[PDB]
file my_file-v1.pdb (PDB, N, CA and C atoms)
ATOM      1  N   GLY M   3      33.712   0.940   7.756  1.00  0.00           N
ATOM      2  CA  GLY M   3      32.567   0.374   8.470  1.00  0.00           C
ATOM      3  C   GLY M   3      31.561  -0.218   7.514  1.00  0.00           C
ATOM      4  N   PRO M   4      30.831  -1.234   7.966  1.00  0.00           N
ATOM      5  CA  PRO M   4      29.848  -1.834   7.091  1.00  0.00           C
ATOM      6  C   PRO M   4      28.628  -0.960   6.862  1.00  0.00           C
ATOM      7  N   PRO M   5      27.867  -1.321   5.825  1.00  0.00           N
ATOM      8  CA  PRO M   5      26.646  -0.545   5.628  1.00  0.00           C
ATOM      9  C   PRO M   5      25.685  -0.677   6.771  1.00  0.00           C
ATOM     10  N   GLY M   6      24.833   0.327   6.946  1.00  0.00           N
ATOM     11  CA  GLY M   6      23.804   0.292   7.938  1.00  0.00           C
ATOM     12  C   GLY M   6      22.706  -0.679   7.619  1.00  0.00           C
ATOM     13  N   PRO M   7      21.815  -0.801   8.573  1.00  0.00           N
ATOM     14  CA  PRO M   7      20.712  -1.743   8.398  1.00  0.00           C
ATOM     15  C   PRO M   7      19.711  -1.196   7.414  1.00  0.00           C
ATOM     16  N   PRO M   8      18.819  -2.065   6.931  1.00  0.00           N
ATOM     17  CA  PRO M   8      17.743  -1.584   6.058  1.00  0.00           C
ATOM     18  C   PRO M   8      16.884  -0.523   6.732  1.00  0.00           C
ATOM     19  N   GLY M   9      16.324   0.289   5.815  1.00  0.00           N
ATOM     20  CA  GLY M   9      15.365   1.265   6.264  1.00  0.00           C
ATOM     21  C   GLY M   9      14.030   0.704   6.674  1.00  0.00           C
ATOM     22  N   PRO M  10      13.130   1.585   7.130  1.00  0.00           N
ATOM     23  CA  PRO M  10      11.825   1.124   7.570  1.00  0.00           C
ATOM     24  C   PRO M  10      10.914   0.755   6.387  1.00  0.00           C
ATOM     25  N   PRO M  11       9.849   0.019   6.643  1.00  0.00           N
ATOM     26  CA  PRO M  11       8.853  -0.223   5.582  1.00  0.00           C
ATOM     27  C   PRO M  11       8.309   1.089   5.041  1.00  0.00           C
ATOM     28  N   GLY M  12       7.959   1.078   3.764  1.00  0.00           N
ATOM     29  CA  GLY M  12       7.289   2.194   3.150  1.00  0.00           C
ATOM     30  C   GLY M  12       5.865   2.382   3.615  1.00  0.00           C
ATOM     31  N   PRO M  13       5.218   3.449   3.135  1.00  0.00           N
ATOM     32  CA  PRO M  13       3.867   3.666   3.687  1.00  0.00           C
ATOM     33  C   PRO M  13       2.817   2.791   3.044  1.00  0.00           C
ATOM     34  N   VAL M  14       1.652   2.818   3.677  1.00  0.00           N
ATOM     35  CA  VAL M  14       0.458   2.101   3.212  1.00  0.00           C
ATOM     36  C   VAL M  14       0.094   2.615   1.818  1.00  0.00           C
ATOM     37  N   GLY M  15      -0.256   1.624   0.966  1.00  0.00           N
ATOM     38  CA  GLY M  15      -0.683   1.906  -0.399  1.00  0.00           C
ATOM     39  C   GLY M  15      -2.052   2.586  -0.433  1.00  0.00           C
ATOM     40  N   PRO M  16      -2.407   3.014  -1.646  1.00  0.00           N
ATOM     41  CA  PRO M  16      -3.648   3.745  -1.866  1.00  0.00           C
ATOM     42  C   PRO M  16      -4.872   2.838  -1.863  1.00  0.00           C
ATOM     43  N   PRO M  17      -6.064   3.376  -1.618  1.00  0.00           N
ATOM     44  CA  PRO M  17      -7.247   2.522  -1.675  1.00  0.00           C
ATOM     45  C   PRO M  17      -7.442   1.905  -3.042  1.00  0.00           C
ATOM     46  N   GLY M  18      -8.050   0.725  -2.994  1.00  0.00           N
ATOM     47  CA  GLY M  18      -8.454   0.018  -4.204  1.00  0.00           C
ATOM     48  C   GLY M  18      -9.610   0.697  -4.932  1.00  0.00           C
ATOM     49  N   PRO M  19      -9.956   0.150  -6.092  1.00  0.00           N
ATOM     50  CA  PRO M  19     -11.077   0.718  -6.850  1.00  0.00           C
ATOM     51  C   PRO M  19     -12.434   0.348  -6.225  1.00  0.00           C
ATOM     52  N   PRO M  20     -13.468   1.076  -6.623  1.00  0.00           N
ATOM     53  CA  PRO M  20     -14.826   0.668  -6.182  1.00  0.00           C
ATOM     54  C   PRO M  20     -15.191  -0.705  -6.690  1.00  0.00           C
ATOM     55  N   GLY M  21     -16.086  -1.361  -5.932  1.00  0.00           N
ATOM     56  CA  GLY M  21     -16.715  -2.612  -6.399  1.00  0.00           C
ATOM     57  C   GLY M  21     -17.595  -2.313  -7.636  1.00  0.00           C
ATOM     58  N   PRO M  22     -18.071  -3.413  -8.264  1.00  0.00           N
ATOM     59  CA  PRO M  22     -18.950  -3.303  -9.412  1.00  0.00           C
ATOM     60  C   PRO M  22     -20.321  -2.880  -8.946  1.00  0.00           C
ATOM     61  N   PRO M  23     -21.190  -2.522  -9.875  1.00  0.00           N
ATOM     62  CA  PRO M  23     -22.552  -2.134  -9.501  1.00  0.00           C
ATOM     63  C   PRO M  23     -23.293  -3.281  -8.818  1.00  0.00           C
ATOM     64  N   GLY M  24     -24.229  -2.907  -7.923  1.00  0.00           N
ATOM     65  CA  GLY M  24     -25.094  -3.862  -7.309  1.00  0.00           C
ATOM     66  C   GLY M  24     -26.093  -4.380  -8.315  1.00  0.00           C
ATOM     67  N   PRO M  25     -26.862  -5.346  -7.787  1.00  0.00           N
ATOM     68  CA  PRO M  25     -27.826  -6.019  -8.627  1.00  0.00           C
ATOM     69  C   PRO M  25     -28.999  -5.149  -9.033  1.00  0.00           C
ATOM     70  N   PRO M  26     -29.675  -5.445 -10.122  1.00  0.00           N
ATOM     71  CA  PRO M  26     -30.916  -4.729 -10.430  1.00  0.00           C
ATOM     72  C   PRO M  26     -31.923  -4.888  -9.286  1.00  0.00           C
ATOM     73  N   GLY M  27     -32.705  -3.827  -9.049  1.00  0.00           N
ATOM     74  CA  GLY M  27     -33.756  -3.836  -8.054  1.00  0.00           C
ATOM     75  C   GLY M  27     -34.680  -5.034  -8.150  1.00  0.00           C
TER      76      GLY M  27
ATOM     77  N   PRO P   4      32.441   0.716  12.130  1.00  0.00           N
ATOM     78  CA  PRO P   4      31.411   1.735  12.481  1.00  0.00           C
ATOM     79  C   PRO P   4      30.272   1.736  11.484  1.00  0.00           C
ATOM     80  N   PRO P   5      29.185   1.082  11.771  1.00  0.00           N
ATOM     81  CA  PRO P   5      28.103   0.874  10.806  1.00  0.00           C
ATOM     82  C   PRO P   5      27.570   2.185  10.324  1.00  0.00           C
ATOM     83  N   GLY P   6      27.115   2.230   9.089  1.00  0.00           N
ATOM     84  CA  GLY P   6      26.349   3.346   8.566  1.00  0.00           C
ATOM     85  C   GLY P   6      25.000   3.438   9.211  1.00  0.00           C
ATOM     86  N   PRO P   7      24.249   4.499   8.949  1.00  0.00           N
ATOM     87  CA  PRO P   7      22.927   4.655   9.494  1.00  0.00           C
ATOM     88  C   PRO P   7      21.941   3.776   8.728  1.00  0.00           C
ATOM     89  N   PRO P   8      20.754   3.609   9.267  1.00  0.00           N
ATOM     90  CA  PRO P   8      19.705   2.873   8.530  1.00  0.00           C
ATOM     91  C   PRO P   8      19.385   3.519   7.196  1.00  0.00           C
ATOM     92  N   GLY P   9      18.954   2.655   6.282  1.00  0.00           N
ATOM     93  CA  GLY P   9      18.530   3.077   5.007  1.00  0.00           C
ATOM     94  C   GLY P   9      17.245   3.870   4.995  1.00  0.00           C
ATOM     95  N   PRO P  10      16.855   4.329   3.818  1.00  0.00           N
ATOM     96  CA  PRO P  10      15.644   5.105   3.643  1.00  0.00           C
ATOM     97  C   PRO P  10      14.411   4.217   3.698  1.00  0.00           C
ATOM     98  N   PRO P  11      13.260   4.829   3.897  1.00  0.00           N
ATOM     99  CA  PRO P  11      11.973   4.109   3.846  1.00  0.00           C
ATOM    100  C   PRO P  11      11.818   3.477   2.470  1.00  0.00           C
ATOM    101  N   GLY P  12      11.152   2.302   2.520  1.00  0.00           N
ATOM    102  CA  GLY P  12      10.882   1.619   1.229  1.00  0.00           C
ATOM    103  C   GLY P  12       9.739   2.254   0.446  1.00  0.00           C
ATOM    104  N   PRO P  13       9.402   1.605  -0.669  1.00  0.00           N
ATOM    105  CA  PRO P  13       8.343   2.125  -1.515  1.00  0.00           C
ATOM    106  C   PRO P  13       6.958   2.067  -0.864  1.00  0.00           C
ATOM    107  N   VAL P  14       6.084   2.906  -1.401  1.00  0.00           N
ATOM    108  CA  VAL P  14       4.656   2.812  -1.068  1.00  0.00           C
ATOM    109  C   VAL P  14       4.137   1.420  -1.428  1.00  0.00           C
ATOM    110  N   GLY P  15       3.246   0.909  -0.573  1.00  0.00           N
ATOM    111  CA  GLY P  15       2.603  -0.338  -0.892  1.00  0.00           C
ATOM    112  C   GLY P  15       1.721  -0.265  -2.101  1.00  0.00           C
ATOM    113  N   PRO P  16       1.337  -1.477  -2.586  1.00  0.00           N
ATOM    114  CA  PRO P  16       0.477  -1.479  -3.762  1.00  0.00           C
ATOM    115  C   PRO P  16      -0.934  -1.044  -3.482  1.00  0.00           C
ATOM    116  N   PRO P  17      -1.732  -0.727  -4.515  1.00  0.00           N
ATOM    117  CA  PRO P  17      -3.128  -0.344  -4.327  1.00  0.00           C
ATOM    118  C   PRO P  17      -3.893  -1.499  -3.672  1.00  0.00           C
ATOM    119  N   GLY P  18      -4.883  -1.150  -2.861  1.00  0.00           N
ATOM    120  CA  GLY P  18      -5.756  -2.131  -2.254  1.00  0.00           C
ATOM    121  C   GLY P  18      -6.642  -2.831  -3.306  1.00  0.00           C
ATOM    122  N   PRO P  19      -7.377  -3.842  -2.811  1.00  0.00           N
ATOM    123  CA  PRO P  19      -8.258  -4.634  -3.653  1.00  0.00           C
ATOM    124  C   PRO P  19      -9.551  -3.848  -3.882  1.00  0.00           C
ATOM    125  N   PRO P  20     -10.370  -4.285  -4.815  1.00  0.00           N
ATOM    126  CA  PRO P  20     -11.664  -3.649  -5.032  1.00  0.00           C
ATOM    127  C   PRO P  20     -12.592  -3.766  -3.831  1.00  0.00           C
ATOM    128  N   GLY P  21     -13.467  -2.789  -3.710  1.00  0.00           N
ATOM    129  CA  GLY P  21     -14.575  -2.826  -2.780  1.00  0.00           C
ATOM    130  C   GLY P  21     -15.588  -3.915  -3.215  1.00  0.00           C
ATOM    131  N   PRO P  22     -16.570  -4.086  -2.356  1.00  0.00           N
ATOM    132  CA  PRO P  22     -17.627  -5.069  -2.681  1.00  0.00           C
ATOM    133  C   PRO P  22     -18.611  -4.497  -3.660  1.00  0.00           C
ATOM    134  N   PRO P  23     -19.488  -5.328  -4.222  1.00  0.00           N
ATOM    135  CA  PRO P  23     -20.582  -4.833  -5.098  1.00  0.00           C
ATOM    136  C   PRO P  23     -21.414  -3.809  -4.363  1.00  0.00           C
ATOM    137  N   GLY P  24     -21.999  -2.900  -5.126  1.00  0.00           N
ATOM    138  CA  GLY P  24     -22.882  -1.892  -4.550  1.00  0.00           C
ATOM    139  C   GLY P  24     -24.211  -2.469  -4.118  1.00  0.00           C
ATOM    140  N   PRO P  25     -25.030  -1.550  -3.564  1.00  0.00           N
ATOM    141  CA  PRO P  25     -26.348  -1.969  -3.079  1.00  0.00           C
ATOM    142  C   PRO P  25     -27.287  -2.278  -4.259  1.00  0.00           C
ATOM    143  N   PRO P  26     -28.357  -3.056  -3.965  1.00  0.00           N
ATOM    144  CA  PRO P  26     -29.347  -3.367  -5.014  1.00  0.00           C
ATOM    145  C   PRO P  26     -29.971  -2.054  -5.405  1.00  0.00           C
ATOM    146  N   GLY P  27     -30.453  -1.997  -6.662  1.00  0.00           N
ATOM    147  CA  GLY P  27     -31.144  -0.758  -6.993  1.00  0.00           C
ATOM    148  C   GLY P  27     -32.584  -0.803  -6.549  1.00  0.00           C
TER     149      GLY P  27
ATOM    150  N   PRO I   1      35.845   6.243   9.230  1.00  0.00           N
ATOM    151  CA  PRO I   1      34.501   6.802   9.046  1.00  0.00           C
ATOM    152  C   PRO I   1      33.437   5.724   8.955  1.00  0.00           C
ATOM    153  N   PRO I   2      32.211   6.207   9.164  1.00  0.00           N
ATOM    154  CA  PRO I   2      31.126   5.263   9.117  1.00  0.00           C
ATOM    155  C   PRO I   2      30.977   4.588   7.753  1.00  0.00           C
ATOM    156  N   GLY I   3      30.304   3.437   7.772  1.00  0.00           N
ATOM    157  CA  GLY I   3      29.783   2.827   6.554  1.00  0.00           C
ATOM    158  C   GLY I   3      28.729   3.683   5.878  1.00  0.00           C
ATOM    159  N   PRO I   4      28.360   3.261   4.677  1.00  0.00           N
ATOM    160  CA  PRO I   4      27.267   3.953   4.004  1.00  0.00           C
ATOM    161  C   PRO I   4      25.953   3.607   4.659  1.00  0.00           C
ATOM    162  N   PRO I   5      24.933   4.359   4.344  1.00  0.00           N
ATOM    163  CA  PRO I   5      23.581   4.025   4.772  1.00  0.00           C
ATOM    164  C   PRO I   5      23.224   2.636   4.249  1.00  0.00           C
ATOM    165  N   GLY I   6      22.285   1.989   4.963  1.00  0.00           N
ATOM    166  CA  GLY I   6      21.713   0.747   4.506  1.00  0.00           C
ATOM    167  C   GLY I   6      20.828   0.937   3.296  1.00  0.00           C
ATOM    168  N   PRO I   7      20.365  -0.195   2.804  1.00  0.00           N
ATOM    169  CA  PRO I   7      19.462  -0.226   1.675  1.00  0.00           C
ATOM    170  C   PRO I   7      18.080   0.277   2.098  1.00  0.00           C
ATOM    171  N   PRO I   8      17.197   0.611   1.144  1.00  0.00           N
ATOM    172  CA  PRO I   8      15.812   0.943   1.494  1.00  0.00           C
ATOM    173  C   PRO I   8      15.080  -0.192   2.216  1.00  0.00           C
ATOM    174  N   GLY I   9      14.081   0.127   3.008  1.00  0.00           N
ATOM    175  CA  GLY I   9      13.195  -0.872   3.578  1.00  0.00           C
ATOM    176  C   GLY I   9      12.295  -1.493   2.548  1.00  0.00           C
ATOM    177  N   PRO I  10      11.507  -2.443   3.005  1.00  0.00           N
ATOM    178  CA  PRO I  10      10.565  -3.116   2.101  1.00  0.00           C
ATOM    179  C   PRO I  10       9.397  -2.208   1.732  1.00  0.00           C
ATOM    180  N   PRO I  11       8.640  -2.575   0.712  1.00  0.00           N
ATOM    181  CA  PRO I  11       7.413  -1.830   0.421  1.00  0.00           C
ATOM    182  C   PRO I  11       6.440  -1.877   1.599  1.00  0.00           C
ATOM    183  N   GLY I  12       5.603  -0.871   1.669  1.00  0.00           N
ATOM    184  CA  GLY I  12       4.560  -0.805   2.707  1.00  0.00           C
ATOM    185  C   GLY I  12       3.454  -1.801   2.512  1.00  0.00           C
ATOM    186  N   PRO I  13       2.561  -1.793   3.519  1.00  0.00           N
ATOM    187  CA  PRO I  13       1.358  -2.617   3.436  1.00  0.00           C
ATOM    188  C   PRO I  13       0.556  -2.241   2.202  1.00  0.00           C
ATOM    189  N   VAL I  14      -0.178  -3.222   1.644  1.00  0.00           N
ATOM    190  CA  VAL I  14      -1.190  -2.986   0.634  1.00  0.00           C
ATOM    191  C   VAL I  14      -2.187  -1.940   1.152  1.00  0.00           C
ATOM    192  N   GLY I  15      -2.724  -1.160   0.234  1.00  0.00           N
ATOM    193  CA  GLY I  15      -3.764  -0.200   0.570  1.00  0.00           C
ATOM    194  C   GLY I  15      -5.059  -0.866   1.002  1.00  0.00           C
ATOM    195  N   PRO I  16      -5.969  -0.034   1.537  1.00  0.00           N
ATOM    196  CA  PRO I  16      -7.258  -0.576   2.003  1.00  0.00           C
ATOM    197  C   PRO I  16      -8.140  -0.912   0.810  1.00  0.00           C
ATOM    198  N   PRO I  17      -9.136  -1.767   1.025  1.00  0.00           N
ATOM    199  CA  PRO I  17     -10.126  -2.005  -0.036  1.00  0.00           C
ATOM    200  C   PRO I  17     -10.785  -0.704  -0.455  1.00  0.00           C
ATOM    201  N   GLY I  18     -11.177  -0.689  -1.717  1.00  0.00           N
ATOM    202  CA  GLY I  18     -12.033   0.355  -2.256  1.00  0.00           C
ATOM    203  C   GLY I  18     -13.448   0.325  -1.623  1.00  0.00           C
ATOM    204  N   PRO I  19     -14.223   1.328  -1.975  1.00  0.00           N
ATOM    205  CA  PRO I  19     -15.599   1.432  -1.451  1.00  0.00           C
ATOM    206  C   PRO I  19     -16.539   0.504  -2.226  1.00  0.00           C
ATOM    207  N   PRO I  20     -17.719   0.303  -1.622  1.00  0.00           N
ATOM    208  CA  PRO I  20     -18.775  -0.398  -2.377  1.00  0.00           C
ATOM    209  C   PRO I  20     -19.053   0.281  -3.693  1.00  0.00           C
ATOM    210  N   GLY I  21     -19.419  -0.528  -4.672  1.00  0.00           N
ATOM    211  CA  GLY I  21     -19.849  -0.033  -5.956  1.00  0.00           C
ATOM    212  C   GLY I  21     -21.114   0.781  -5.917  1.00  0.00           C
ATOM    213  N   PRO I  22     -21.490   1.295  -7.080  1.00  0.00           N
ATOM    214  CA  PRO I  22     -22.726   2.086  -7.197  1.00  0.00           C
ATOM    215  C   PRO I  22     -23.924   1.153  -7.106  1.00  0.00           C
ATOM    216  N   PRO I  23     -25.095   1.735  -6.831  1.00  0.00           N
ATOM    217  CA  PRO I  23     -26.354   0.946  -6.909  1.00  0.00           C
ATOM    218  C   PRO I  23     -26.545   0.290  -8.272  1.00  0.00           C
ATOM    219  N   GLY I  24     -27.243  -0.836  -8.192  1.00  0.00           N
ATOM    220  CA  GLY I  24     -27.884  -1.383  -9.377  1.00  0.00           C
ATOM    221  C   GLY I  24     -28.913  -0.479  -9.965  1.00  0.00           C
ATOM    222  N   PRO I  25     -29.358  -0.859 -11.168  1.00  0.00           N
ATOM    223  CA  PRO I  25     -30.424  -0.087 -11.816  1.00  0.00           C
ATOM    224  C   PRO I  25     -31.701  -0.321 -11.028  1.00  0.00           C
ATOM    225  N   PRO I  26     -32.637   0.627 -11.053  1.00  0.00           N
ATOM    226  CA  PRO I  26     -33.949   0.470 -10.406  1.00  0.00           C
ATOM    227  C   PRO I  26     -34.804  -0.656 -10.977  1.00  0.00           C
TER     228      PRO I  26
END
call {"tool": "encode", "arguments": {"input": "my_file-v1.pdb", "output": "structure tokens"}}
result
Amino acid sequence: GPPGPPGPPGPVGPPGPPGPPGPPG
Amino acid sequence: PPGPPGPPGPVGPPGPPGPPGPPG
Amino acid sequence: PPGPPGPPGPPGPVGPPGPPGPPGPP
């Protein structure tokens, strides 16, 4: 028999890094 | 007789950076 | 007998954006 179909998508990736600091007051 | 579905793929990549912080 | 399992699926969605940065200096 032929191979089965592809598996499901993997899970959602991790959050990105924080943004840079805000502007001086 | 087809095989079963494959395994789940890899975790996605890290998200993009957040926005700049608040003014001081 | 059956075939072998299929290949892995694709990678998942990109992760969410990070949080806002820290405050600026006073």
call {"tool": "resolve_selection", "arguments": {"input": "my_file-v1.pdb", "expression": "the PyMOL selection byres (((chain P and resi 17-23 and name CA) around 6) and name CA)", "output": "list in words"}}
result
residues 15, 16, 17, 18, 19, 20, 21, 22, 23 and 24 of chain M; 16 and 24 of chain P; 14, 15, 16, 17, 18, 19, 20 and 21 of chain I
call {"tool": "resolve_selection", "arguments": {"input": "my_file-v1.pdb", "expression": "the PyMOL selection byres ((chain M and resi 3-8) around 8)", "output": "PDB file with N, CA and C atoms, in the frame of the given file"}}
result
ATOM      1  N   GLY M   9      16.324   0.289   5.815  1.00  0.00           N
ATOM      2  CA  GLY M   9      15.365   1.265   6.264  1.00  0.00           C
ATOM      3  C   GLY M   9      14.030   0.704   6.674  1.00  0.00           C
ATOM      4  N   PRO M  10      13.130   1.585   7.130  1.00  0.00           N
ATOM      5  CA  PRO M  10      11.825   1.124   7.570  1.00  0.00           C
ATOM      6  C   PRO M  10      10.914   0.755   6.387  1.00  0.00           C
ATOM      7  N   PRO M  11       9.849   0.019   6.643  1.00  0.00           N
ATOM      8  CA  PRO M  11       8.853  -0.223   5.582  1.00  0.00           C
ATOM      9  C   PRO M  11       8.309   1.089   5.041  1.00  0.00           C
TER      10      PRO M  11
ATOM     11  N   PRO P   4      32.441   0.716  12.130  1.00  0.00           N
ATOM     12  CA  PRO P   4      31.411   1.735  12.481  1.00  0.00           C
ATOM     13  C   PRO P   4      30.272   1.736  11.484  1.00  0.00           C
ATOM     14  N   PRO P   5      29.185   1.082  11.771  1.00  0.00           N
ATOM     15  CA  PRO P   5      28.103   0.874  10.806  1.00  0.00           C
ATOM     16  C   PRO P   5      27.570   2.185  10.324  1.00  0.00           C
ATOM     17  N   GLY P   6      27.115   2.230   9.089  1.00  0.00           N
ATOM     18  CA  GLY P   6      26.349   3.346   8.566  1.00  0.00           C
ATOM     19  C   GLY P   6      25.000   3.438   9.211  1.00  0.00           C
ATOM     20  N   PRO P   7      24.249   4.499   8.949  1.00  0.00           N
ATOM     21  CA  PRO P   7      22.927   4.655   9.494  1.00  0.00           C
ATOM     22  C   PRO P   7      21.941   3.776   8.728  1.00  0.00           C
ATOM     23  N   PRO P   8      20.754   3.609   9.267  1.00  0.00           N
ATOM     24  CA  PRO P   8      19.705   2.873   8.530  1.00  0.00           C
ATOM     25  C   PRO P   8      19.385   3.519   7.196  1.00  0.00           C
ATOM     26  N   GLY P   9      18.954   2.655   6.282  1.00  0.00           N
ATOM     27  CA  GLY P   9      18.530   3.077   5.007  1.00  0.00           C
ATOM     28  C   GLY P   9      17.245   3.870   4.995  1.00  0.00           C
ATOM     29  N   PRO P  10      16.855   4.329   3.818  1.00  0.00           N
ATOM     30  CA  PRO P  10      15.644   5.105   3.643  1.00  0.00           C
ATOM     31  C   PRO P  10      14.411   4.217   3.698  1.00  0.00           C
ATOM     32  N   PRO P  11      13.260   4.829   3.897  1.00  0.00           N
ATOM     33  CA  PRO P  11      11.973   4.109   3.846  1.00  0.00           C
ATOM     34  C   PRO P  11      11.818   3.477   2.470  1.00  0.00           C
ATOM     35  N   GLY P  12      11.152   2.302   2.520  1.00  0.00           N
ATOM     36  CA  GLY P  12      10.882   1.619   1.229  1.00  0.00           C
ATOM     37  C   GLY P  12       9.739   2.254   0.446  1.00  0.00           C
TER      38      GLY P  12
ATOM     39  N   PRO I   1      35.845   6.243   9.230  1.00  0.00           N
ATOM     40  CA  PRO I   1      34.501   6.802   9.046  1.00  0.00           C
ATOM     41  C   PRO I   1      33.437   5.724   8.955  1.00  0.00           C
ATOM     42  N   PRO I   2      32.211   6.207   9.164  1.00  0.00           N
ATOM     43  CA  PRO I   2      31.126   5.263   9.117  1.00  0.00           C
ATOM     44  C   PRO I   2      30.977   4.588   7.753  1.00  0.00           C
ATOM     45  N   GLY I   3      30.304   3.437   7.772  1.00  0.00           N
ATOM     46  CA  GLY I   3      29.783   2.827   6.554  1.00  0.00           C
ATOM     47  C   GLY I   3      28.729   3.683   5.878  1.00  0.00           C
ATOM     48  N   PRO I   4      28.360   3.261   4.677  1.00  0.00           N
ATOM     49  CA  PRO I   4      27.267   3.953   4.004  1.00  0.00           C
ATOM     50  C   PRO I   4      25.953   3.607   4.659  1.00  0.00           C
ATOM     51  N   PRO I   5      24.933   4.359   4.344  1.00  0.00           N
ATOM     52  CA  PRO I   5      23.581   4.025   4.772  1.00  0.00           C
ATOM     53  C   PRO I   5      23.224   2.636   4.249  1.00  0.00           C
ATOM     54  N   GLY I   6      22.285   1.989   4.963  1.00  0.00           N
ATOM     55  CA  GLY I   6      21.713   0.747   4.506  1.00  0.00           C
ATOM     56  C   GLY I   6      20.828   0.937   3.296  1.00  0.00           C
ATOM     57  N   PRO I   7      20.365  -0.195   2.804  1.00  0.00           N
ATOM     58  CA  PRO I   7      19.462  -0.226   1.675  1.00  0.00           C
ATOM     59  C   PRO I   7      18.080   0.277   2.098  1.00  0.00           C
ATOM     60  N   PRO I   8      17.197   0.611   1.144  1.00  0.00           N
ATOM     61  CA  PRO I   8      15.812   0.943   1.494  1.00  0.00           C
ATOM     62  C   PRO I   8      15.080  -0.192   2.216  1.00  0.00           C
ATOM     63  N   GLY I   9      14.081   0.127   3.008  1.00  0.00           N
ATOM     64  CA  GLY I   9      13.195  -0.872   3.578  1.00  0.00           C
ATOM     65  C   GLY I   9      12.295  -1.493   2.548  1.00  0.00           C
ATOM     66  N   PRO I  10      11.507  -2.443   3.005  1.00  0.00           N
ATOM     67  CA  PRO I  10      10.565  -3.116   2.101  1.00  0.00           C
ATOM     68  C   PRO I  10       9.397  -2.208   1.732  1.00  0.00           C
TER      69      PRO I  10
END
call {"tool": "atom_distance", "arguments": {"input": "my_file-v1.pdb", "atom1": "atom C of residue 15 in chain P", "atom2": "atom N of residue 22 in chain I"}}
result
23.8 Å
call {"tool": "atom_distance", "arguments": {"input": "my_file-v1.pdb", "atom1": "atom C of residue 13 in chain I", "atom2": "atom N of residue 25 in chain P"}}
result
26.2 Å
call {"tool": "build_atoms", "arguments": {"input": "my_file-v1.pdb", "residues": "range 9-21 of chain I", "atoms": "N, CA, C and O atoms", "output": "mmCIF file, in the coordinates of the input"}}
result
data_model
loop_
_atom_site.group_PDB
_atom_site.id
_atom_site.type_symbol
_atom_site.label_atom_id
_atom_site.label_comp_id
_atom_site.auth_asym_id
_atom_site.auth_seq_id
_atom_site.Cartn_x
_atom_site.Cartn_y
_atom_site.Cartn_z
ATOM 1 N N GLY I 9 14.081 0.127 3.008
ATOM 2 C CA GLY I 9 13.195 -0.872 3.578
ATOM 3 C C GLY I 9 12.295 -1.493 2.548
ATOM 4 O O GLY I 9 12.313 -1.154 1.378
ATOM 5 N N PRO I 10 11.507 -2.443 3.005
ATOM 6 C CA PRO I 10 10.565 -3.116 2.101
ATOM 7 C C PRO I 10 9.397 -2.208 1.732
ATOM 8 O O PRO I 10 9.151 -1.180 2.408
ATOM 9 N N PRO I 11 8.640 -2.575 0.712
ATOM 10 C CA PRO I 11 7.413 -1.830 0.421
ATOM 11 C C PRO I 11 6.440 -1.877 1.599
ATOM 12 O O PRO I 11 6.435 -2.817 2.385
ATOM 13 N N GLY I 12 5.603 -0.871 1.669
ATOM 14 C CA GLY I 12 4.560 -0.805 2.707
ATOM 15 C C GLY I 12 3.454 -1.801 2.512
ATOM 16 O O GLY I 12 3.366 -2.516 1.534
ATOM 17 N N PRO I 13 2.561 -1.793 3.519
ATOM 18 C CA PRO I 13 1.358 -2.617 3.436
ATOM 19 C C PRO I 13 0.556 -2.241 2.202
ATOM 20 O O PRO I 13 0.534 -1.099 1.743
ATOM 21 N N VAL I 14 -0.178 -3.222 1.644
ATOM 22 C CA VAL I 14 -1.190 -2.986 0.634
ATOM 23 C C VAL I 14 -2.187 -1.940 1.152
ATOM 24 O O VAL I 14 -2.522 -1.896 2.338
ATOM 25 N N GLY I 15 -2.724 -1.160 0.234
ATOM 26 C CA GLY I 15 -3.764 -0.200 0.570
ATOM 27 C C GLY I 15 -5.059 -0.866 1.002
ATOM 28 O O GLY I 15 -5.243 -2.046 0.834
ATOM 29 N N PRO I 16 -5.969 -0.034 1.537
ATOM 30 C CA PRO I 16 -7.258 -0.576 2.003
ATOM 31 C C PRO I 16 -8.140 -0.912 0.810
ATOM 32 O O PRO I 16 -7.955 -0.388 -0.307
ATOM 33 N N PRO I 17 -9.136 -1.767 1.025
ATOM 34 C CA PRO I 17 -10.126 -2.005 -0.036
ATOM 35 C C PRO I 17 -10.785 -0.704 -0.455
ATOM 36 O O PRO I 17 -10.986 0.241 0.302
ATOM 37 N N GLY I 18 -11.177 -0.689 -1.717
ATOM 38 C CA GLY I 18 -12.033 0.355 -2.256
ATOM 39 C C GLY I 18 -13.448 0.325 -1.623
ATOM 40 O O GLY I 18 -13.779 -0.581 -0.914
ATOM 41 N N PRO I 19 -14.223 1.328 -1.975
ATOM 42 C CA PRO I 19 -15.599 1.432 -1.451
ATOM 43 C C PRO I 19 -16.539 0.504 -2.226
ATOM 44 O O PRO I 19 -16.214 -0.005 -3.298
ATOM 45 N N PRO I 20 -17.719 0.303 -1.622
ATOM 46 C CA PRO I 20 -18.775 -0.398 -2.377
ATOM 47 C C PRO I 20 -19.053 0.281 -3.693
ATOM 48 O O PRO I 20 -18.947 1.514 -3.823
ATOM 49 N N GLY I 21 -19.419 -0.528 -4.672
ATOM 50 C CA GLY I 21 -19.849 -0.033 -5.956
ATOM 51 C C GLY I 21 -21.114 0.781 -5.917
ATOM 52 O O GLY I 21 -21.760 0.938 -4.885
#
